[PDB]
Protein chains: 2
Amino acid sequence: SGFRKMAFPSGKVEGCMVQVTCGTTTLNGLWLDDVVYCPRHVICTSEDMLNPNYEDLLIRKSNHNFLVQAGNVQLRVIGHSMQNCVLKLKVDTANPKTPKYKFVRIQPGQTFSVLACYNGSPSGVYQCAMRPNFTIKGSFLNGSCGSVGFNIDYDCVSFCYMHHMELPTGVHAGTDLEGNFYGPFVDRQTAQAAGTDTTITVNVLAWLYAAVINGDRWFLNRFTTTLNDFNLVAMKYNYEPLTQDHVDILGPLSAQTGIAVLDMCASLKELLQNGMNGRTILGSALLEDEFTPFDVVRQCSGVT
Amino acid sequence: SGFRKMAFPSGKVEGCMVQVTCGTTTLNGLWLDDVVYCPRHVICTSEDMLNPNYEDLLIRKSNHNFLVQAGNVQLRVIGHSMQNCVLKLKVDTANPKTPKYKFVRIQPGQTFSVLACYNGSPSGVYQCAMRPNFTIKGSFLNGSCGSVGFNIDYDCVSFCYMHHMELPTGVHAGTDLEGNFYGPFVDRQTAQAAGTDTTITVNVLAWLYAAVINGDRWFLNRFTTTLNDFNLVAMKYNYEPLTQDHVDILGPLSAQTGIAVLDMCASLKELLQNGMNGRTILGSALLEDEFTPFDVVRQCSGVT
Ligand SMILES: O=C(Cc1cncc2ccccc12)Nc1ccccc1
Ligand SMILES: O=C(Cc1cncc2ccccc12)Nc1ccccc1
């Protein structure tokens, strides 16, 4: 028993982190096979970021201007190309520590592990969610760009996120491993607005199921509701509308607990309308939405 | 910016996890040099746990009864000994992945990373604190015994905890790497009581400093207090008494923010007496006590 915001073991990803330097800018890169992936803003100076013309900026750079260092050994750059907002530096040596991997574009609401890095060296690992507004609420300082988000399926690492920027509002924005930003964000020092951040309803429900499995049952009531009635309450509280897909996805948790999904929705509805009244659920005084139904099942079944 | 419950990168520890089997019981072991460390309750059956005589039980076991497996290769056991509540299985092969390491007994209030494992395979990593009552609020299922807690200083892993048991109350108990339980707990299936769990005051203060550094300043007031006045309020709320040592330890955070420690104590005092009034601090609706002042400084400075 017990319920924690658990991250995937980061060892497979640590073996891929390298330092990429371009002029005075140093950030992190991901070394997989003979390719180093990093944010393209490595080629920018503080002045360039205001309105950078990356194609023009990249033309002034040659293979030898990109210093790639894995641990203490220098990698030789034999090719460079820009794929959307990521630079792909072709190196002459394949990473001997390359794990089995995929590049995946995650959906909003999905979760992933972040290995926060500085100078190609990992400093910490934490679990987070892609917000419905496509931002992430991470913990990143300057130097952390190129730090990656991933999930692991037994031995295959699915790289889903590369950190690029912190918006003036303190939230984080980045790309998938093909250089495509999640959301409307651009890699430019300009006024960028994240949309309204809504609450991942299916995740909160999954976490309520985790609470019940772990003995915290105080919030369970004698009521039920319907999808349309629950959604009327969800919209008022800036919660994502719950669909039959979400109900089906909660099927295993509903079967494990013997509590119907709509019954859990009525409990959630009362928690929204009345608050926690000073009580806690799984050591939290608010409704947690950064555990998918898959994360709950995995944590409560010990998937290695 | 951003503040997350960050764990140390677990790669160095993953390379030490092995599976230890003794009869029908399989748990995790820590392989460092030519020694495998694991909970001594590996030699018990369900009936033994009621009142086990471990010296008598261990005598019926020989080197060949302890099956140690690292990945898919079997390790040959050439020696076995009991050191307090841990078994030390001497193997004939040194772990080629043994990192630089220390065995340290942590203090209550200190934090550490847990690499939760099942069948010698890691499943997740999370950050936690040794509670003042010496329990840990982890996420462990059956099979997780032998999972370790650690801290990293650049390249040296300091092993501080080995998971042994879940108390009937859902909290977790374990030992240091010398087999000594943290707290009054014994490795027996009996009624064991954890003391009153108090709140780590210095940690909450450090987290209030992290909040101020990260832009959350709403809780800052025009008041101050004294150590004795603050402690009068701390005792009422089951908070640890704050000492001059704690004030000194908060020195770097107080210098960074320009907010005196006693001024932060007055804010904490008002948060205790009046609650958060529906507001949040660093995305939390309660006072977080699982970040030491060292964790805050590290996270806010990017120590790799
Ligand atoms: O935002 C970043 C990098 C960054 C990321 N996370 C956290 C950061 C904290 C402080 C400084 C920088 C951080 N780059 C950038 C700079 C200007 C305009 C566009 C992008
Ligand atoms: O508590 C444990 C192992 C354990 C640990 N964490 C979580 C667990 C969850 C379920 C079952 C077992 C767990 N061993 C033990 C059994 C009986 C008496 C004394 C100790």
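Computation of the quantities below employed the complete heavy-atom set of this structure, encompassing side-chain atoms and omitting hydrogens, waters and symmetry-equivalent molecules. Order of the sequence lines fixes the chain letters, A, B, ..., with proteins taken first and strands second; residue numbering starts at 1 for each chain.
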Next item on the list: Mark yes or no for whether A:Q110, through its side chain, and A:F112, through its backbone, hold a donor-acceptor pair below 3.5 Å.
Entry: no
Next item on the list: Begin with the C-alpha distance, continue with both residues' side-chain angles, and end with the deciding distance and a verdict on side-chain hydrogen bond (donor to acceptor under 3.5 Å, both in side chains) for B:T292 and B:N203.
Entry: CA-CA 5 Å; B:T292 63; B:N203 286 11; 5.4 Å; no
Note to self: Is the positively charged end of A:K5 above the ring of A:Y126, judged by distance under 6.0 angstrom from the centroid and angle within 45° of the axis?
What the structure shows: no
Checklist line | A:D248 side chain vs A:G251 backbone, donor-acceptor pair below 3.5 Å | finding: no
Margin query: Taking A:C145's backbone N and O only, do any of them form a donor-acceptor pair with A:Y118's side chain (distance below 3.5 Å, no angle check)?
Written below: no
Margin query: Any side-chain to backbone donor/acceptor pair from A:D289 onto A:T201? Under 3.5 Å, distance only.
Written below: no
Item checked: Any side-chain heavy-atom pair of A:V171 and A:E166 under 4.5 Å -> no
Item checked: Beyond-backbone contact of A:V204 with A:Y209, side-chain heavy atoms, under 4.5 angstrom -> no
Checklist line | A:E240 and A:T199: side chain donor to acceptor below 3.5 Å | finding: no
Next item on the list: Taking the side chain as every heavy atom from C-beta outward, state whether A:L177 and A:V86 have any atom pair closer than 4.5 Å.
Entry: no
Next item on the list: Search all heavy atoms of B:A7 against all heavy atoms of B:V125 and return the closest pair with its distance.
Entry: CB-CG2, 3.7 Å
Next item on the list: Might you point out which heavy atoms bring B:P122 and B:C117 nearest each other, and give the distance in Å?
Entry: CA-SG, 3.5 Å
Check: Side-chain donor-acceptor pair under 3.5 Å between A:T111 and A:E290, yes or no?
Finding: no
Checklist line | A:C16 side chain reached by A:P99 side chain, heavy atoms, under 4.5 Å | finding: yes
Note to self: I need the A:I259 CD1 to A:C265 SG distance, nearest 0.5 Å.
What the structure shows: 11.5 Å
Next item on the list: Answer yes if the ring centres of B:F291 and B:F3 are under 6.0 angstrom apart, and no otherwise.
Entry: yes
Notebook entry, point to check: Does any donor atom in the side chain of A:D33 or A:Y101 lie under 3.5 Å from an acceptor atom in the other side chain?
Noted result: yes
Next item on the list: I would like to know whether A:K12 and A:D155 meet salt bridge (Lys or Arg N to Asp or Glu O under 4.0 Å); could you show each step before the answer?
Entry: CA-CA 9 Å; A:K12 281 151 176 312; A:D155 71 331; 5.9 Å; no
Check: To the nearest 0.5 Å, how far apart are CG in A:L67 and OG1 in A:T26?
Finding: 8.0 Å
Check: How many angstroms lie between atom CG of B:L286 and atom CE of B:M276, to the nearest 0.5 angstrom?
Finding: 7.0 Å
Margin query: With ring-ring contact (aromatic ring centres under 6.0 Å, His included) as the test, pick out the partner of A:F181 among A:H164, A:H172, A:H41, A:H163.
Written below: A:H164
Margin query: How close do A:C44 and A:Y54 get, counting heavy atoms only, and between which atoms?
Written below: SG-CE2, 3.3 Å
Margin query: Using modelled atom types and a 3.5 Å cut-off, is there a donor and acceptor pairing between side-chain atoms of A:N231 and backbone atoms of A:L227?
Written below: yes
Note to self: Please give me the minimum heavy-atom distance between B:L282 and B:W207, naming the atom from each residue.
What the structure shows: CD1-NE1, 3.5 Å
Next item on the list: Taking B:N151 for its side chain and B:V157 for its backbone only, find out whether a donor-acceptor pair lies under 3.5 Å.
Entry: no
Item checked: From B:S10 atom OG to B:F150 atom CZ, the distance as rounded to the nearest 0.5 Å -> 5.5 Å
Next item on the list: Kindly say whether A:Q127 contributes a backbone atom to a donor-acceptor pair with the side chain of B:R4 at under 3.5 angstrom?
Entry: yes
Margin query: With a 3.5 Å distance limit and no angle check, can you tell me whether B:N214 reaches the backbone of B:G2 through a side-chain donor-acceptor pair?
Written below: yes
Margin query: Between A:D153 and A:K102, does any side-chain N to carboxylate O distance fall below 4.0 Å?
Written below: no
Note to self: Using side-chain heavy atoms (C-beta onward) and a distance below 4.5 Å, is A:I200 in contact with A:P132?
What the structure shows: yes
Next item on the list: Find out whether A:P9 and A:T304 are in side-chain contact, i.e. whether some heavy atom of one side chain is under 4.5 Å from a heavy atom of the other.
Entry: no
Check: So, are A:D197 and A:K137 salt-bridged, with charged N and O less than 4.0 Å apart?
Finding: yes
Next item on the list: Check the side chains of A:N133 and A:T135 for a donor-acceptor pair under 3.5 angstrom, ignoring hydrogens and angles.
Entry: yes
Next item on the list: List the steps and the verdict of salt bridge (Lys or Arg N to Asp or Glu O under 4.0 Å) for A:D48 and A:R188.
Entry: CA-CA 9 Å; A:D48 292 330; A:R188 194 197 184 208; over 6 Å; no
Check: Short question: side chain of B:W218, backbone of B:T280 - any donor-acceptor pair under 3.5 Å?
Finding: yes
Next item on the list: Say whether, by atom type as modelled, one donor and one acceptor occur between the side chain of A:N95 and the main chain of A:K97 under 3.5 angstrom.
Entry: yes
Next item on the list: Kindly indicate whether the side chain of A:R131, heavy atoms from C-beta on, has any atom under 4.5 Å from the side chain of A:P108.
Entry: no
Check: How many angstroms lie between CG in A:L271 and CG in A:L287, if you round to the nearest 0.5 Å?
Finding: 5.5 Å
Item checked: Distance (rounded to the nearest 0.5 Å) between A:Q299 CD and B:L141 CG -> 8.0 Å
Item checked: Identified ring-ring contact (aromatic ring centres under 6.0 Å, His included) counterpart of A:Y37 within the set A:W31, A:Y161, A:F103 -> A:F103
Next item on the list: Validate the cation-pi geometry between A:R105 and A:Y182: distance from NZ or CZ to the six-membered ring centre under 6.0 Å, angle to the ring axis within 45°.
Entry: yes
Notebook entry, point to check: Hey, are A:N238 and A:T198 close enough side-chain-wise for a donor-acceptor pair under 3.5 Å?
Noted result: no
Checklist line | Flag side-chain contact, heavy atom, 4.5 Å: A:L27 against A:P39 | finding: yes
Note to self: Please give me the minimum heavy-atom distance between B:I152 and B:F8, naming the atom from each residue.
What the structure shows: O-CE2, 3.3 Å
Check: What pair of heavy atoms forms the shortest contact from A:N28 to A:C38, and how long is it?
Finding: O-CB, 3.5 Å
